[PDB]
Amino acid sequence: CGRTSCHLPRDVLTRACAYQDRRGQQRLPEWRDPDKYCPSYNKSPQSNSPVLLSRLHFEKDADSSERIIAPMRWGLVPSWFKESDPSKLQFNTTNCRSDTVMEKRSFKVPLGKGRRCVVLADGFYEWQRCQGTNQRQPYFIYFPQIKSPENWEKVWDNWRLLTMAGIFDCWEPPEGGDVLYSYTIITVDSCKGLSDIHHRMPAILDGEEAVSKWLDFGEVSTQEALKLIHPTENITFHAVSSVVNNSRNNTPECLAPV
DNA sequence: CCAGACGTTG
DNA sequence: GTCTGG
DNA sequence: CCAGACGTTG
DNA sequence: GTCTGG
């Protein structure tokens with residue numbers, strides 16, 4: 001739960017986030033900070049990834065079922081943090097355990113303000129600890145996809161983006177600047193399908209109902225939203241080269257079968 | 001009351 | 001900013 | 001998440 | 001062993 005791929009050109013990403021608001025209107029989410037979208041096969045913490053959030057976080061009186069897409073910093077920086085640079089955070093907010101979320105100062109406050117987001121990715125990476133060797137085996141993990149340079153193009157034109165439950169916070173640099181929007185991905189106990197790879201997995205929102213209810217802090221309370229957080233077996237994976245290991249490596253090899 | 005934490009993974 | 005520990 | 005640093009003096 | 005940087 002500490003590496004993803006999110007490599008699609010921005011317009012292909014945006015079309016893969018085609019959704020329906022509550023009135024059935026087919027929409028594309030509206031961008032904020034599109035210039036901060038940085039497509040890569042190898043997204044690490046402290047990089048920006050595109051996330052979905054309710055229009056109502058940005059626009060007074062908005063339909064809260066309308067969606068915005070914006071790049072956010074991976075690694076939640078709480079509103080109260082006092083240093084000038086956010087990378088001086090001395091605790092890991094890459095992830096946020098489902099089980100303890102209601103009693104963690106860093107996650108509960110933004111959750112209570114309805115700062116629920118959907119972190120987008122092609123899929124995520126996990127490294128398997130194998131008995132009696134220090135060599136870790138990396139896996140690419142993603143939603144089951146539909147059953148040549150024009151073949152690859154069509155796969156990625158039809159790709160079902162992975163949708164992970166996040167929480168975000170807003171931090172004003174003391175020294176002055178843009179509000180930093182930053183996220184954590186909620187982690188849960190791994191499903192049986194993933195149990196031999198890692199005992200943790202991200203909280204995956206499977207289909208537009210779960211995505212919608214997680215996003216809609218208007219009509220969905222924390223309590224009802226937390227019921228969406230749990231493992232899923234609706235997930236496939238394959239082993240991938242050691243190329244992904246180094247986050248500086250940004251190439252299609254990162255998620256290619258081995 | 002104030003001081004100090006504020007987090008996850010293996 | 002808010003909570004826990006002492 | 002892993003890779004790579006991990007220090008001071010002028 | 002533990003932290004920062006990517």
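In what follows, every chain begins at residue 1, and chains take the letters A, B, ... in the order their sequences are listed. FYI, side chains are in, hydrogens and waters are out, and symmetry mates aren't considered; it's all heavy atoms of this structure.
Between the CD1 atom of A/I185 and the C1' atom of B/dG7 there is a distance of 15 Å, given to the nearest Å. Atom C1' of nucleotide B/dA5 and atom CD of A/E103 are separated by 15 Å, given to the nearest angstrom. The distance from atom CD of A/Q131 to atom P of B/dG10 is 16 Å, rounded to the nearest whole Å. In this structure, A/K108 places its NZ atom 13 Å from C1' of B/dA5, rounding to the nearest Å. Atom CG of A/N249 is separated from atom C1' of D/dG4 by 14 Å (rounded to the nearest Å). Distance A/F124 CZ to B/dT9 P: 13 Å, rounded to the nearest Å. Here the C1' atom of nucleotide B/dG7 and the CD atom of A/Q46 are 14 Å apart, to the nearest Å. Rounded to a whole Å, the CZ atom of A/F107 is 6 Å from the P atom of B/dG7.
Comparing atom distances between the A/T93 side chain and each of D/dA3, B/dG7, D/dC1 picks out B/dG7 as nearest. In this structure, the nucleotide among B/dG7, D/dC2, B/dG10 sitting nearest to the side chain of A/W127 is D/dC2. Side-chain proximity of A/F91 to the nucleotides C/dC3, C/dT2, B/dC6 is greatest for B/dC6. Taking the side chain of A/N95 as heavy atoms from C-beta on, and the options B/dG10, D/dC1, B/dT8, the nearest nucleotide is B/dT8. In the set E/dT4, E/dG6, C/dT2, E/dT4 carries the atom at the smallest distance from any side-chain atom of A/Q90.
Spacing between B/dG4 and E/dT4 at atom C1', rounded to whole Å, works out to 24 Å. Straight-line distance between the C1' atoms of D/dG10 and B/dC1: roughly 50 Å, to the nearest whole Å. Nucleotides D/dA5 and B/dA5, compared at atom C1', are 27 Å apart to the nearest Å. Going from the P atom of C/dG5 to that of B/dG7 covers 12 Å, rounded to whole Å.
Using a 4.0 Å heavy-atom distance criterion, A/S44 is classed as a base contact. Within 4.0 Å (heavy atoms only), A/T187 reaches sugar-phosphate atoms of the nucleic acid but no base atom.
The cationic atom of A/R32 (NZ for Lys, CZ for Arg) lies less than 6.0 Å from the six-membered ring centre of A/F58 and within 45° of the ring axis.
Between the side chain of A/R105 and the base of B/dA5 there is at least one donor-acceptor pair of N/O atoms closer than 3.5 Å. Side chain A/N92 to base B/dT8: a donor-acceptor pair is found below 3.5 Å.
Across all strands shown, D/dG4 forms a Watson-Crick or G-U wobble pair with E/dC3, both key distances being under 3.5 Å.
Checked for salt-bridge contact, A/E66 and A/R27 meet the test: a charged N lies under 4.0 Å from a carboxylate O. Taking 4.0 Å as the cut-off between side-chain N and carboxylate O, A/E208 and A/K213 do not count as a salt-bridged pair.
Under 4.0 angstrom from either OP1 or OP2 of B/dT8 there lies at least one side-chain N or O belonging to A/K104. Contact check, A/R3 against E/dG6: no side-chain N or O comes under 4.0 Å of OP1 or OP2. At B/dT9, none of the side-chain N or O atoms of A/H198 fall inside 4.0 Å of OP1 or OP2 (strictly under the cut-off). Look at A/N246 and you won't find any side-chain N or O under 4.0 angstrom from OP1 or OP2 of D/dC2. Using a 4.0 Å cut-off, no side-chain N or O of A/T94 falls inside it from OP1 or OP2 of B/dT8.
Looking at A/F124, A/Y125, A/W159 one by one, the single match for ring-ring contact (aromatic ring centres under 6.0 Å, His included) with A/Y142 turns out to be A/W159.
For the residue pair A/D122/A/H7, the side-chain donor-acceptor check at 3.5 Å is satisfied. With hydrogens and angles left out, the side-chain atoms of A/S65 and A/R55 include no donor and acceptor closer than 3.5 Å.
Taken together, E/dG6 and B/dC1 do not constitute a Watson-Crick or G-U wobble pair, since the relevant N/O distances do not both lie under 3.5 Å.
The six-membered or imidazole ring of A/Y181 lies away from that of A/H57, with a centre-to-centre distance of 6.0 Å or more.
Here A/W80 counts as stacked on C/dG1: its ring centre is under 5.5 angstrom from the base ring centre and the planes meet at under 30°.
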